[PDB]
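Next up is one chain by itself, shown in structure tokens, the form deposited in one PDB entry.
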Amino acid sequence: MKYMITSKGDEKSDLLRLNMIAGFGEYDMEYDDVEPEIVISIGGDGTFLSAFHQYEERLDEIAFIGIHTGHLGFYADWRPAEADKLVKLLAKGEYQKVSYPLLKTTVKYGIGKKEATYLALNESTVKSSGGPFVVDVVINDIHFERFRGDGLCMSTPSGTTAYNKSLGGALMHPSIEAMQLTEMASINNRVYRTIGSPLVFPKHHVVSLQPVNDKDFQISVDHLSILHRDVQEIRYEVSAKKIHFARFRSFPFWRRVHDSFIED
């Protein structure tokens, strides 16, 4: 099948990539980075997020695999010593696919109310450029709170172990089709009030962030920034699209959580 391999870029990852390419050359496997059906990421979770966005337009036709040349990653869940066994089992095929939910981010900007859309595998954040900013939080067209603070983070299930976790959010199993909103240093006194707790939204719920005064701020989607100015709204909802993983053995999410945060 058509495949491609992304590399973190250091000597170790580039070398494993070349050895896997040589291994794939011994089967009916063609290297194609334009229309790959299999995308292998060799590096960390940052390398994997890069591969995801590199092919975010062909998500339904791609199964991702991550190899971690350093420590264990949440998306890179293969050890480099198993690369040959990966090439072998990947060559034959007949593997099962596993799908994780994604986050759709819509940004309304400009005088013409143009709308740009993005997909996030970890999270999308809206953050003040400097100091605190003010944003109205609207849930299914009802005004919920006026947030004053550093920013807000909307995470996917698999993203809950990332930025979301550092903000006090809950860890959610990726079989739950949902999104989680966490606060970044909210102001709470007699006059200003936020819910404080993380909020977990099901499918079809729409969370709208509407900045009040200043209209220029930082919007992130995973490891990058959404470059649009004069923003009037950031809408969040569980995407109808999913990322597909090629799985070859049982590595449960909670064991992955245990291995990455408890002890390995």
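Rigid core: the largest C-alpha set superposing within 1.5 Å between the two forms. Start at 1 and count along the sequence shown; that's the residue number. Shifts are known only where both forms have a C-alpha.
Beyond what is shown, the protein has a form deposited in another entry; the following relates to that form.
Hey, after the core superposition between this form and the one not shown, which of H228, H223, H205, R58 has the C-alpha moving 2 angstroms or more? Comparing the C-alpha positions, the one residue that moves 2 Å or more is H228.
Tell me, please, whether between this form and the one not shown the C-alpha of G168 is shifted by 2 Å or more, with the rigid core used for superposition. Shift at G168: below 2 Å after core fit.
Is it true that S129 shifts between this form and the one not shown by 2 Å or more at the Cα, once the core is aligned? Result for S129: yes, a 2 Å-plus shift.
Comparison of CA distance in the other entry with shown form for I62, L227, at least 3 Å: Farther, not closer.
Compare the CA separation of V134 and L227 in the other entry with the one in the displayed structure, and answer closer or farther (the difference is at least 3 Å). Closer together, by at least 3 Å.
Suppose the core is superposed; which segments, at least 3 residues long, show C-alpha displacements of 2 Å or more throughout between this form and the one not shown? CA shift runs, sequence order: 129-132, 225-228.
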